[PDB]
Amino acid sequence: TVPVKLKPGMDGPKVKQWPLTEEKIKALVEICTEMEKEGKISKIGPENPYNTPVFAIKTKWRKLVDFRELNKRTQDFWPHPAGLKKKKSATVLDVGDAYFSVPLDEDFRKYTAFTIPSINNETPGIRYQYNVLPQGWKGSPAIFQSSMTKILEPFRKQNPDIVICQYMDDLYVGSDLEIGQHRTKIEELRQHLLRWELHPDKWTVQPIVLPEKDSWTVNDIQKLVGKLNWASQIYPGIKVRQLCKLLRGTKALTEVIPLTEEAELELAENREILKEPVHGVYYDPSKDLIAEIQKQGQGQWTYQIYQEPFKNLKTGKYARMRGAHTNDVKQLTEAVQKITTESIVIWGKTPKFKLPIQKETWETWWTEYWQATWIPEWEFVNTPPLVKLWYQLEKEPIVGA
Amino acid sequence: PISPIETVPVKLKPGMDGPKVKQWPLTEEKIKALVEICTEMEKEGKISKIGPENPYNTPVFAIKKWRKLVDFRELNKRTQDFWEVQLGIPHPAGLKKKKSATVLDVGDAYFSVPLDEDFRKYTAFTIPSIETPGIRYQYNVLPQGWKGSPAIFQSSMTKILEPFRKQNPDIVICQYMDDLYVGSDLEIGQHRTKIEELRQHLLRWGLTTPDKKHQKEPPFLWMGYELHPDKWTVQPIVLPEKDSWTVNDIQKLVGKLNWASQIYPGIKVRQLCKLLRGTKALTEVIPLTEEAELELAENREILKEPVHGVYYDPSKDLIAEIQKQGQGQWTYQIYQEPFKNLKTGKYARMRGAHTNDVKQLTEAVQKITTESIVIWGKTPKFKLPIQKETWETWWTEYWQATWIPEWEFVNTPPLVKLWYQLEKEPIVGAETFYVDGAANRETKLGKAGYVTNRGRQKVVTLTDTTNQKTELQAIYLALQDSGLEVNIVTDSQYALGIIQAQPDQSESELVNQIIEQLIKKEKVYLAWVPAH
Ligand SMILES: Cc1cc(S(N)(O)O)ccc1NC(=O)COc1ccc(Cl)cc1C(=O)c1cc(F)cc(C(F)(F)F)c1
């Protein structure tokens, strides 16, 4: 086994276990009892002070350990196929079981210590740590690196067309073949792997679209002007001078105001300026990727990925999944997973999220709907009224798709 | 007898060394007692006479016959950290109803487990002399008072109860400190036999269990609770009658009163808390007001009530109902069968800078939900004093992600509703007030006013004000002077916040005033435009 180390001066994770539902606890006990038998994990004592949270997801239950903290504290290791985002179609594959075969440095195991909580604190938790490479750990894909090339070299070489990228436990397979032929090449790989539905191009960036009024009212201009003013932070060429001149006086909020020809042009120049994303925005590896989400309501969500304020790398909209209506929390996690997934596909790293949800609310229920082998970073924020109003103006399909 | 269980490898914190604390001098009377006590422990195999090669040492003391007391604060300061010795304590409402439950005190079991031989050196302590070399020892077992003893003991007890548990899945054993609570639905004779099987089993591992003189029997005192076979109650609460109360006495009192409001309905401490204003010392005597005497009086009557709950029945529904006692105050009870509460509670008035009742409601839900997942491993069916339509209208159009688990409506007033709803669009035929506020943030002298489209206008000169307050006052005036339908235009960034949140309570007196005004109108539309 290769000796893995924590980053200099970094101590092990000592994250507390969040309470779980009985259903979920029983599951983990079963899963862990079996793993124990297979010598994948071993119970530990109190002398091991470290801890990483764990939980269960989805049919049967799957175990998911939140190594986010251990990953940060884990040493770094020694490419992203920019051709992945271009392929007509990509399929995600869970290659986590791969690591269970590789053993883990014994000196590093103590850090993988996790706990299965007990209902009503009637008994102490059940502490375990890993013997083999764990799923969700930064080091696992890293160590098992050489072994993943070997099993992939043939398939790749055979199909030098298809692009394959690996992130944590997932394997992203990018191709251009038609559906059937794609799924076919996938199963071909599966099989190959069994012995040991995204569309990147279709993701067009949407432009803001200023309202088109038959006749404008004082209010319509006030709102339109507020949005533009704000939006001037992105497009400096945006002007609201002539518009703000129509706004002189103390007219009824509902009174119709005829537009002068300057206002006409001003709005017209403004519409042109909005026709395309701002010039000069490029991705920077040395910097964190940022994902901000705003709840638009009616099941609609708008997001923006960027590293520098107002210099978006991508922006978008997400509409709740079928049967997610009464659950805001559900819609958001599904949005996070989708935004996080596109991020991986495009940049090969997950972004940190600015979630318009209260810490407690999110932390109480997000795992009930989580489904990825990974977990991004997040912070909770207070959406500025205007930022919401702005991206609510994004353009949408003539009819649909 | 010491336990034949393997030791847990302990180490001193990063880099630091074992303690070398000086032995406080003692009286012949005390040294005498320590010599005897220690001789016993040495005999029992608990401590080992060691030599001078040990540079470490911890101070020993004698208390009241006499009892030895070793001070490991230093050692604990140098001893590695351990697993959080189960910080969460069990709540009676979460214990499953069982035909029989037995308590097994495994106390002196700190002295019953072996100490990592490598670490024993750090535990060295010294018995004085009348002067000459004192008698030196070190521990061979978990020292009482040492940092790792609780965790190592609990870890040990867990290993030990492992086989027995697998062989008796019907039986349930709870581990809490130096105690074992063993319960089952077996026939009382069968239960008793298994208990004895266990004593014998623990005995096998060097864990002496109680004798008939130390054996506890129902009811059981549990963190202020009395656990009876088919229900729990709370140990009577005592309110010290006096004719002279100091600040300290009053706070003390408030403290207990606050704890009792959880279980008991109707507890109040406003007039009593009032007594704490401007206090200069804890010993300061504060005379009780009339209202205060009355309060304290009625509370005593409330505590004289037989408030009880029941145990958990994992086969029946878990229902949780909520009421809005007052603004910001919420009460709840979690039961399975009507009136048979597992537990009840109350949530202190949150003083958020700006929020609304429907929000606070969801926050209460959440706390209860988290609390439930902890106590029962499940989340309750909610019975909320809010109409599904009211919930639907607020949530779907609220800037923040929010949610409530499966719930139903229960019309038990007062209900939680939306105190107002800003119009979606401008109002036609409604005066339009263009409000504005400005102030020298330095001299704090400002002006607030408006100008409606109908020609009505006003301006007020304010001193000792802030710009935020002038702008807010601008709006207040508009609402104040406007009719039941008004359109308000402001370039206030904060108002932008009201439009999004539509709060019905806040920290600002101003905002609160405005809210009253807002609530009162029949139709209000707030519009924001960039300043200048
Ligand atoms: C209190 C009682 C007496 C009898 S009886 N007929 O006297 O033997 C039978 C059941 C019960 N209790 C129940 O049905 C439900 O309670 C229980 C159900 C199961 C178990 Cl293992 C213990 C209890 C307790 O009463 C109990 C008492 C304590 F002091 C502390 C704790 C603990 F620390 F674990 F939280 C639990």
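Points to keep in mind about this one:
- Some residue of the stretch B:174-183 being in a loop (DSSP other than H, G, I, E, B), on the phi < 0 side of the Ramachandran plot and either away from chain A (no Cβ under 14 Å) or within 12 Å of the ligand (Cβ to nearest atom) (or both): yes
- Scope the stretch A:10-55; condition over 22 Å from B:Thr369 (Cβ atoms), within 11 Å of another protein chain (Cβ to nearest Cβ) and in a loop (DSSP other than H, G, I, E, B); matching residues: A:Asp11, A:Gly12, A:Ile44, A:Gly45, A:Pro46, A:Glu47, A:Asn48, A:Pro49, A:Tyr50
- Qualifying positions in the stretch B:372-398 - facing chain A (nearest Cβ under 9 Å), of a type outside the set (S, T, N, Q) and either surrounded by 20 or more Cβ atoms within 10 Å (Cβ to Cβ) or within 22 Å of the chain's Cα centre (by Cα) (or both): B:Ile373, B:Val374, B:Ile375, B:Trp376, B:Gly377, B:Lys378, B:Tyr398
- Test: residue in the stretch A:274-293 that is part of a helix (DSSP H, G or I) and more than 14 Å from every other protein chain (Cβ to nearest Cβ): yes
- Yes/no for A:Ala90 being in a strand (DSSP E or B) and among the small types (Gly, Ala, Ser): yes
- Among all residues of the stretch B:241-256, there is none that is within 13 Å of the ligand (Cβ to nearest atom) and more than 25 Å from the chain's Cα centre (by Cα).
- Restricting the stretch B:227-240 to residues that are of a type in the set (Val, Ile, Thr) and away from the ligand (no atom under 16 Å from the Cβ), the residue that is farthest from the other protein chains (Cβ to nearest Cβ): B:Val238
- All conditions in (1) out of contact with any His (no Cβ under 6 Å at 6 or more places or on another chain); (2) away from chain B (no Cβ under 14 Å); (3) polar (S, T, N, Q) hold for A:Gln129, with the sole exception of (2).
- Number of the condition not met by B:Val529 [criteria: (1) within 14 Å of chain A (Cβ to nearest Cβ); (2) out of contact with any strand residue (DSSP E or B) (no Cβ under 9 Å at 6 or more places or on another chain)]: (2)
- Pick from the stretch B:272-315, criterion within 16 Å of the ligand (Cβ to nearest atom) and within 27 Å of the chain's Cα centre (by Cα), ranking: farthest from the other protein chains (Cβ to nearest Cβ): B:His308
- In the set B:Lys32, B:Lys65, only one residue is farther than 29 Å from B:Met177 by Cβ and either part of a helix (DSSP H, G or I) or not assigned by CATH to the domain that holds B:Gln336 (or both); that residue is B:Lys32.
- The stretch B:97-142: number of residues that are among the aromatic types (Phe, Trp, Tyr) and more than 23 Å from B:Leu26 (Cβ to Cβ): 2
- Unmet requirement for A:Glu396, which otherwise passes all of (1) away from every other protein chain (no Cβ under 14 Å); (2) outside any loop (DSSP other than H, G, I, E, B); (3) closer than 29 Å to B:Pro530 by Cα: (2)
- Filtered residue count, the stretch B:68-102, keeping only those that are in a strand (DSSP E or B), more than 14 Å from chain A (Cβ to nearest Cβ) and either small (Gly, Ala, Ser) or closer than 24 Å to B:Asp230 by Cα (or both): 2
- Residue in the stretch B:164-172 that is part of a helix (DSSP H, G or I) and not assigned by CATH to the domain that holds B:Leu198 present: no
- Applying a threshold of 6 Å to beta carbon distances and a minimum spacing of six or more residues, or different chains, the list of pairs starting in the stretch B:212-232 at a residue that is more than 16 Å from B:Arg199 (Cβ to Cβ) and ending at one that is more than 9 Å from the ligand (Cβ to nearest atom) and among the polar types (S, T, N, Q) reads B:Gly224/B:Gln235; B:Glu226/B:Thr233; B:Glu226/B:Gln235.
- Test result for B:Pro169, touching a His at 6+ places or on another chain (Cβ under 8 Å) and within 14 Å of the ligand (Cβ to nearest atom): no
- Subset of the stretch A:368-393 that is within 19 Å of the chain's Cα centre (by Cα) and surrounded by fewer than 17 Cβ atoms within 10 Å (Cβ to Cβ) - its residue that is nearest to the other protein chains (Cβ to nearest Cβ): A:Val381
- For the stretch B:200-208, the criterion of being of a type in the set (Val, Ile, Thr) and more than 12 Å from the ligand (Cβ to nearest atom) is satisfied by at least one residue.
- Residues that are surrounded by 20 or more Cβ atoms within 10 Å (Cβ to Cβ), in a helix (DSSP H, G or I) and facing chain B (nearest Cβ under 8 Å), drawn from the stretch A:223-258: A:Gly226
- All of (1) at the interface with another protein chain (Cβ under 10 Å from one of its Cβ atoms); (2) in contact with a strand residue (DSSP E or B) (Cβ under 8 Å, 6 or more places away or on another chain); (3) not aromatic (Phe, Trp, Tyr) hold for B:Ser155 with one exception: (2).
- Qualifying residues in the stretch B:73-121 (those that are within 16 Å of the ligand (Cβ to nearest atom) and hydroxyl-bearing (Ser, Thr, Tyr)) - the one surrounded by the most Cβ atoms within 10 Å (Cβ to Cβ): B:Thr102
- Scope the stretch A:25-61; condition in contact with an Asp or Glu (Cβ under 9 Å, 6 or more places away or on another chain) and farther than 24 Å from B:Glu6 by Cβ; matching residues: A:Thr52, A:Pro53, A:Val54, A:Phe55, A:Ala56, A:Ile57, A:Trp61
- Where strands (runs of 3 or more DSSP E) fall wholly inside the stretch B:286-353, the ranges with 3 or more residues that are in contact with a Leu (Cβ under 9 Å, 6 or more places away or on another chain) are B:319-326, B:329-337.
- Within the stretch B:184-199, tally of residues that are within 20 Å of B:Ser112 (Cβ to Cβ) and either of a type outside the set (D, E, K, R) or near the ligand (Cβ under 10 Å from one of its atoms) (or both): 2
- Here B:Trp222 meets each of (1) out of contact with any helix residue (DSSP H, G or I) (no Cβ under 6 Å at 6 or more places or on another chain); (2) away from chain A (no Cβ under 14 Å); (3) within 16 Å of the ligand (Cβ to nearest atom); (4) within 22 Å of B:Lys96 (Cα to Cα) with one exception, condition (2).
- Of all the numbered requirements in (1) away from chain A (no Cβ under 14 Å); (2) touching a helix residue (DSSP H, G or I) at 6+ places or on another chain (Cβ under 6 Å), B:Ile488 misses one, and that requirement is (1).
Cβ sites come from the backbone with ideal geometry, for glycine too, and all protein chains shown count toward neighbours. What is reported rests on the model, the rules as stated and the sources as named; no laboratory read-out is quoted.
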